[PDB]
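**Q** next one to model:
(6 chains, ligands or ions: 2)
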Amino acid sequence: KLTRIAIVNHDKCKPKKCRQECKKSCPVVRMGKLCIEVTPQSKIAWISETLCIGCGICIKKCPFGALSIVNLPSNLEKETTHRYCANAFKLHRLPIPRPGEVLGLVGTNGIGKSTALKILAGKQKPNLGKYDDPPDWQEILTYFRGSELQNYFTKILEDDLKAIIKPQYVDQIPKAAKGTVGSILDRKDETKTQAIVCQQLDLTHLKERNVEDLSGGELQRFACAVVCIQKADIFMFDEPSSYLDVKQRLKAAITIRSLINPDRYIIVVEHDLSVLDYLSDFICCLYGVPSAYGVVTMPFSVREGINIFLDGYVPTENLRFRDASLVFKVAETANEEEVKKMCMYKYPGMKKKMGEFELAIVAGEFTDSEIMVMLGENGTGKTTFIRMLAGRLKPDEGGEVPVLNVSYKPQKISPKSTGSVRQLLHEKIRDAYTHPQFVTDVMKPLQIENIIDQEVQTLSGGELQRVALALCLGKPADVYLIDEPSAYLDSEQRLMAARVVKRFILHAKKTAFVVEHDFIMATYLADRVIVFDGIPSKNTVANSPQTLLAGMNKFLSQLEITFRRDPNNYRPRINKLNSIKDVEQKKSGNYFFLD
Amino acid sequence: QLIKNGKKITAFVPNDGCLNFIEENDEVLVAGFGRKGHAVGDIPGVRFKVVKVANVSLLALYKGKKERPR
Amino acid sequence: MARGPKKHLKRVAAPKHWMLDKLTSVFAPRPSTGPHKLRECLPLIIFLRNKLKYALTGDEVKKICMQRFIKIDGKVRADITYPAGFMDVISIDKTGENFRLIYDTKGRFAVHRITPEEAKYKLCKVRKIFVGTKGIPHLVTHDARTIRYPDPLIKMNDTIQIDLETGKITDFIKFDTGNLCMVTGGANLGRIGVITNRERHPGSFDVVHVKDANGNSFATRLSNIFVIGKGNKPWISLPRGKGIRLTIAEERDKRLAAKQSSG
Amino acid sequence: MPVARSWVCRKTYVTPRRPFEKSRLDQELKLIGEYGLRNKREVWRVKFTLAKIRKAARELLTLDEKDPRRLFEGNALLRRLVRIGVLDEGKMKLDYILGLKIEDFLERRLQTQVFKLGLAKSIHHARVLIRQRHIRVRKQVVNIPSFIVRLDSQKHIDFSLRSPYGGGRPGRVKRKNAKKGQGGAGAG
RNA sequence: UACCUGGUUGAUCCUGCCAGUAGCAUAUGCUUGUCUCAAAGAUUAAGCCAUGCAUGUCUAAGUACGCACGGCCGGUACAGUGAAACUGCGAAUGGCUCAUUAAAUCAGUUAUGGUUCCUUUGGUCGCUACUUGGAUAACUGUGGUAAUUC
RNA sequence: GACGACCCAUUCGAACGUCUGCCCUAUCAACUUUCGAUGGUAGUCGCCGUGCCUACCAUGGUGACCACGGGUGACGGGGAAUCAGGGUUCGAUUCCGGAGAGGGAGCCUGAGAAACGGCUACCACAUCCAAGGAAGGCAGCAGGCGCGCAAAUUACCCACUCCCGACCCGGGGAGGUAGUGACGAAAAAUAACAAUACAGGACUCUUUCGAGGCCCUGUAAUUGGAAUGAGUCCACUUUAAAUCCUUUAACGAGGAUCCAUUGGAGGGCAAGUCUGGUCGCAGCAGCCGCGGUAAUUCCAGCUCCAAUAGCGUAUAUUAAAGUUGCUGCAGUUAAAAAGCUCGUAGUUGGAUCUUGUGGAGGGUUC
Ligand code: SF4
Ligand code: SF4
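**A** Numbering: from 1, shown residues only, chains lettered A, B, ... in the order given. Ligands and ions are numbered 1, 2, ... in the order given. The coordinates are given below.
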């Protein structure tokens, strides 16, 4: 049933004294295949991850305990709660919700996260894998007998408890529901709760603006605000952390963690850097192969569960063999070309307005060799400062018009095409230079059916960001314009989205301007940096470009937030609001370390 | 070769054509031949017989009730 | 391990003469520490629930006792597992009835109703005689009662009568040949007869020979003999069957002939 | 764990030592066919209760005449054989227990009595009348064909009062046939 | 139910073992309609253990200035319901397993005139005084650590 | 009345001691002994007796009637399976006694502990960290990994049975309830009855032939009416609340379905010297044996046998085994009497030391 492999991961292994008896006792070696390799005076043995079978015979016969079995994940046919379609995806197991504490789900993208929340909320129903005459609340509520889910599901059927859920994609909200300025919030389930959230989510915008006027970083806060003022016994927060600022992620966690106390259930899921371990009380992890199946672990405590995902990669259930601490630019390498040829695009400053909001730019240099990162809070208008380029607004009353060609990717998309995405590839040339710009991105992992020729009306929104990036990289330009490139990407493919642009541009000899919240993207891409300051939606200024040590320390100083990084796994971590590390850093003026 | 000791055995395969089900490098369940450690009939030096292959019984394979899962 | 005293009793380990059923439960009432030994008493809960049937459960026994209705030896007892035993009187003044604990001839406590003027005294066997400070003489009974200034003729193994309102001695019976006794242990438990010989051994146990009303003879260790009357006449009223212990063939024949049990 | 359950039970028959003895096979089949039984286990039950009766009488015959135990258990065993009508009141001593046969016990079954008393036309019809709730012993509906009839219970076998024979409602076949027969005229 | 049968030879009579026959209790294969009982991680590893629960407690009768809730108005010690905290009692019983252990454990039989004993039950309780001393917890108020029933 | 305390006696015990009782082993014959072994005198320590320990002194103590040493897939007992009589084998496991909470050691509190749901340290594992520090023990109930031929739900409740506390009131994964469950035991369906045609046999009329005939079998072209629970589902009852069982309205059977299986058919051992295929091959066969072109034994069809909601196979063990023999075997030639004689322990050991008349119960004297 489970696949099994022997592992030699023991310190001080001793080919010099053991008489090599693990090699001699193997049946696959007796039948004449090279499953074990060892010889005297070699340091440590080698063992095949694919010729091996799970018998465990060699483990009884090593003179030292140097050898043991691990299981590997497989398509077990056990414990199937739901199947997505005929011959399609299997969800397997389901977690158990508990009152008065926060449960965090974690794992790679597409592995089965949102379908568990839809089942627990009663918006979906389980079907046990039956496609013909599927169960209806009689075999369900009998298949669960002897478990906590039996006494749970009967209460959501009888209206003894009720559920509410934050949307995955918040850009649907201005189309899916409507009201005037202010009124859309005013007529929800309670009055007193609306007055108290004003201290901790920013309600200055919705009393001046229509819902279809809003930015993604307003829509996320509006989605969080409108779920907190409704009445429910169970609440579910799918990604309360996309399109959201480094200071604002902490503010959002605090207003979720206040809901807990009066015997209410809460479930959360994130792809975060440094806040799930402030928000959660327990963790569950999902594993499998995302186009095909997923499975759910037993629950862990916070620090323990984070280490089982991010520093090490095997649970107490004797299984997983995957993640290998992919949380940083772990190699810390640099080896690229230094060149004295250059071209210049230097420009004058301006003053500008998008609304009842003052904006300004100072005069400065721009040149062909470099990538520019832009730093500053949400509501500082900086998406419009990208939109000046390619000439869409105030082209020559300050600034300068581009000499030939510029290419652009927006942070807001709403698709309008038909039949397939395949025909949209006519906008670029693919065969002339296949990697990194396609084969290590669009087709990764596993060359999957989910993307090759689907309609964008059935495609996942996290894959729509990938194909929209891959298309807009295809046309020639001196300058590339990017904002929210990390939206809906997991930690594996965030580093690939950084690699696919920097490994291309640095060998193409070409420029970009890029906008991100996420610290990992910013610190890897930059070579010079731009920083904003002022009052959001009132009065803000864009500064002259700077070197990284001058720029980011002033940005972190303005946030009043400071960072730590660990030598055993390179994970970046936030220091709490007052501490010995916080005062020792802010008296020194250094806000990041070992750089 | 037995799992719990790593020592070596030879075993008989009952019925007409059953050797075609067995393959190589996979698990069998083995049992005694009916005489408490002594050999049986015309077969020289064989003390054991096969009863289960890859978690399916030879009787259920031979009478067509089940098949090897692949 | 056993690091101190025990406080439970399994139902198959409980005394046979309580007649507890096999299938209602794992546990039995552990008798409260008190005047009578654990093997030799009847817990008050078994008398009210199982014998008299005034209560269907242990909670219906608890709310009879907490109303202060039950007296033992003239004192109100609120404890439901109190260890009542041989010669004690129970009074229930609210229903207007009185009982004394005496053995049935098959070796178990009978229910035995008594008249209210007979409910005023009890009979006690002497356990010990000793002298305290200032030369004051003391007596000890089979039920832990201590008496000062007993009559100097009262010796070991004798029976004394006490009034329950004051606890002082009224009259006594000497242990000697020809007096009536009841047997309170061993296989002869619940039989009655006259003492006819005592045989003695220096070290180990003395043996008494006893004679029945029908002329049968039986014996037991001296620790099992309780004297109940001077000569032929008892000082207490006696239950149905009067201690005669008829054999299984005589018992069959009366059960067929008398047609009792609704024949 | 301790529990308030009990675990007392026993087997009520024994298997024969020679499986294929020709002289044994047809003797057992002749008892099945004459008394209308289901299987061999139903004969092996009756041989086992007779063997236990004879094992006790052979012990009591070793003791002296007028031994107290020989008097008590011997009078009990003899009363209990007369109560079921297996032994004659005019005989009544341990020496005649050793003369009993299996056919003395097979005759006292309710299935045999329903046939011999004339409530049924065969030993095979009698079992079907008992097992279909049609028959009554004193006040009680009884449903078990191996029930053994006591000698005072003997004169109180009858039909059930809620039965299509015995004075009750007609069965589900006669009710449907009458209903659809009247419906043959239309509107039924 | 105090029981035997096939197999050494050209054939016979023996010795002697192999094989058959019936029960019992562990695994395993094929098969299954009704109804009453009910064993179940001992055997190998007394190997390793995520998460939740498995031990607490107040009467008329030890200490009530919690505005916490409250009355017909008042403290005549002081009403009345009463969170918290101090004090008292229990936590040494119950449940789990079978590693060690061969005159040891254990069983029947006897002894403390060689000891200790919460509680229950009965004895015993007469060689500034019309009431003494200071000092803490709950509570109020100000803090330290990445972190704990600090 | 409530609460409290020194001392007697009780109750619940605990601790130490007496007598008799044990599986295999000599390829274990001598062992213990100021490194206390056996005993004496005085003391220390302890709840108390005592080499329990200290000083001085003596030279003892156990063994062929098996000591001392080694083994045990050894916790002891009540008990369990099989059994003519006598026996052999088993007992981790609900009652009773003992021991232990990863391995060893030390100790606080208390009437009671050398406690692990208490503490301190070393040894083996191992969790979090801001690298300064902090925290730990499922051989309790559910649940997981590893192991292996091999073992169930992270459900409901203090209603019952009993226990704890200051208490008529709070608490209990002790305990009760439901789920899984062909370990195992008791009961018990899967067709009953008529009519018709042919069939068997009695009996009567008749020399025989033939007819009348009354009681039982089948089975086909196929006939006929009556009975019933397996299922579905309303209500009462059940219980802490429910399920199940029992009770009761409405639907529910013609057989081609509401379709019984597991092993066999040469002998031991119930049942084919049928028909087709293979050809010392494939295979069968506990044992003796089947197959080389006319197979009672392989592979299949039909027919028949045995047990039946059950039947087959592997492995330990009891009977059969008078093949471990006490009851109860054998030793000239089948396996087996020391080459011969002496002899201590062990087992076995010759004859002998006070009777008939009378009476009761019973006989015609005992
Ligand atoms: S695994 Fe063990 S036996 Fe093999 S080479 Fe290493 S030490 Fe030697
Ligand atoms: S587990 Fe078995 S197959 Fe794998 S390496 Fe060891 S001996 Fe070889």
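
**Q** enumerate every residue touching residue C:194.
**A** Applying C-beta atoms under 8 Å, 6 or more residues apart in numbering or on different chains, one finds that residue C:194 lies in contact with C:178, C:179, C:180, C:181, C:210, C:211, C:232. C-beta coordinates here come from the backbone N, C-alpha and C atoms, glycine included.

**Q** what's the neighbour count on the second one?
**A** For residue C:179, the neighbour count with other C-beta atoms under 10 Å in any protein chain shown is 19.

**Q** again, but for residue D:10
**A** Using other C-beta under 10 Å, residue D:10 is surrounded by 4 other residues.

**Q** give me the secondary structure label for residue A:498.
**A** Under DSSP: H, G, I helix; E, B strand; the rest coil, residue A:498 falls in the helix class.

**Q** is it true that it touches residue A:519?
**A** No: contact criterion C-beta atoms under 8 Å: residue A:498 and residue A:519 do not qualify, at 11.8 Å.

**Q** if we can go back for a sec, buried among the contacts of residue C:194? Need that as a selection in PyMOL.
**A** A single PyMOL command selects the buried members of the contacts of residue C:194 (16 or more other C-beta atoms under 10 Å in any protein chain shown):
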select buried, chain C and resi 179+180+181+210
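
**Q** just name the closest of the contacts of residue C:194 to residue A:19, please.
**A** Looking at the contacts of residue C:194 and their distance to residue A:19, the nearest is residue C:210, at 88.2 Å (C-beta to C-beta).

**Q** in a helix, that closest one, correct?
**A** No: going by three-state DSSP, the assignment for residue C:210 is strand, not a helix.

**Q** contact partners for it?
**A** Residues touching residue C:210, when contacts are defined by C-beta under 8 Å, 6+ apart, comprise C:181, C:183, C:188, C:191, C:193-196, C:217-220, C:225.

**Q** more neighbours, residue A:498 and residue A:519?
**A** Between residue A:498 and residue A:519, counted using other C-beta under 10 Å, the more crowded position is residue A:498 (23 against 17).

**Q** which stretches of the stretch 101-250 of chain C form strands?
**A** Counting by DSSP state E, counting those that start in this stretch, the segments of the stretch 101-250 of chain C that form strands are C:102-104, C:108-110, C:121-131, C:137-141, C:146-148, C:159-163, C:169-173, C:180-183, C:192-199, C:207-211, C:217-221, C:225-229.

**Q** can you say which of those is packed in most?
**A** Among the strands of the stretch 101-250 of chain C, strand C:180-183 has the highest mean neighbour count (mean count of other C-beta atoms under 10 Å in any protein chain shown), at a mean of 24.

**Q** show me what that strand is packed against.
**A** strand C:192-199, strand C:225-229 (3 or more C-beta pairs under 8 Å, 6 or more residues apart in numbering or on different chains; DSSP states H and E).

**Q** for residue A:343, find the nearest of those.
**A** Taking C-beta to C-beta as the measure, the helices and strands packed on strand C:180-183 were each checked against residue A:343, and strand C:225-229 came out nearest at 126.2 Å.

**Q** OK, now which residue of chain D is nearest to RNA strand F?
**A** Across chain D, the shortest distance to RNA strand F (C-beta to the nearest atom of the strand) belongs to residue D:171, at 2.6 Å.

**Q** leaving out chain neighbours, which residue sits closest to that residue?
**A** Among residues not flanking residue D:171 along the chain, residue D:164 sits closest, at 4.9 Å (C-beta to C-beta, 6 or more residues apart in numbering or on different chains).

**Q** ok, that neighbour - contacts?
**A** Contacts of residue D:164 were listed using C-beta under 8 Å, 6+ apart, and they are D:170, D:171, D:174.

**Q** against residue A:433, how distant is it?
**A** With distances defined as C-beta to C-beta, to the nearest Å, the gap from residue D:164 to residue A:433 amounts to 95 Å.

**Q** swap in residue C:2?
**A** From residue C:2 over to residue A:433 (counting by C-beta to C-beta), the distance is 85 Å.

**Q** excluding covalently adjacent residues, which one is nearest to residue D:117?
**A** Closest residue in space to residue D:117, ignoring its immediate chain neighbours: residue D:157 at 5.9 Å, by C-beta to C-beta, 6+ apart.

**Q** how about that neighbour, phi and psi?
**A** For residue D:157, the backbone dihedrals are phi -80, psi 140 (criterion: degrees, to the nearest 10).

**Q** which residues does it contact?
**A** The contact partners of residue D:157, by C-beta under 8 Å, 6+ apart, come to D:110, D:113, D:114, D:117, D:119, D:135, D:136, D:137, D:149.

**Q** number of residues surrounding residue C:63?
**A** Neighbouring residues of residue C:63 were enumerated by other C-beta under 10 Å; the total is 9.

**Q** against residue D:105, how distant is it?
**A** 56 Å.

**Q** rewinding a little: tell me the one among the contacts of residue D:164 nearest to residue A:272.
**A** Here the nearest of the contacts of residue D:164 to residue A:272, counting by C-beta to C-beta, is residue D:171; it sits at 75.4 Å.

**Q** any idea how far residue A:518 is from the closest residue to residue A:346 other than its chain neighbours?
**A** If the residues on either side of it in the chain are set aside, residue A:346 comes closest to residue A:365, at 4.8 Å by C-beta to C-beta, 6+ apart. For residue A:365, the distance to residue A:518 under the criterion C-beta to C-beta works out to 27 Å.

**Q** same deal with residue A:252?
**A** Counting by C-beta to C-beta, the gap between residue A:252 and residue A:518 amounts to 15 Å.

**Q** next: residue A:269.
**A** Separation of residue A:269 from residue A:518 (C-beta to C-beta) stands at 17 Å.

**Q** and the two? which has more neighbours close in?
**A** Under the criterion of other C-beta under 10 Å, the comparison of residue A:269 against residue A:518 puts residue A:269 first, with 25 against 19.

**Q** contacts only, for the more buried one.
**A** Residues counted as contacts of residue A:269 (C-beta under 8 Å, 6+ apart) are A:104, A:105, A:106, A:113, A:117, A:237, A:238, A:239.

**Q** just say helix, strand or coil for the most centrally placed residue in chain B.
**A** Taking C-alpha atoms, centre = their mean, the centroid of chain B lies closest to residue B:50, which sits 1.5 Å from it. Following three-state DSSP, we place residue B:50 in the strand state.

**Q** that one reaches residue B:15, doesn't it?
**A** No: contact status for residue B:50 versus residue B:15: not in contact, 10.3 Å apart, counting by C-beta under 8 Å.

**Q** check contacts around residue 201.
**A** Let's take chain A. Residue A:201 makes contact with A:221, A:224, A:225, A:228, A:251, A:252, A:255 under the criterion C-beta under 8 Å, 6+ apart.

**Q** the chain in question should be chain C.
**A** Residue C:201 makes contacts with residue C:207, as judged by C-beta under 8 Å, 6+ apart.

**Q** pull up the gap between it and RNA strand F, please.
**A** With distances taken as C-beta to the nearest atom of the strand, to the nearest Å, residue C:201 is found 17 Å from RNA strand F.

**Q** phi, psi for the closest residue to chain C within chain B please.
**A** Across chain B, the shortest distance to chain C (C-beta to the nearest C-beta) belongs to residue B:4, at 37.2 Å. Taking degrees, to the nearest 10, you get phi -80, psi -10 for the backbone angles of residue B:4.
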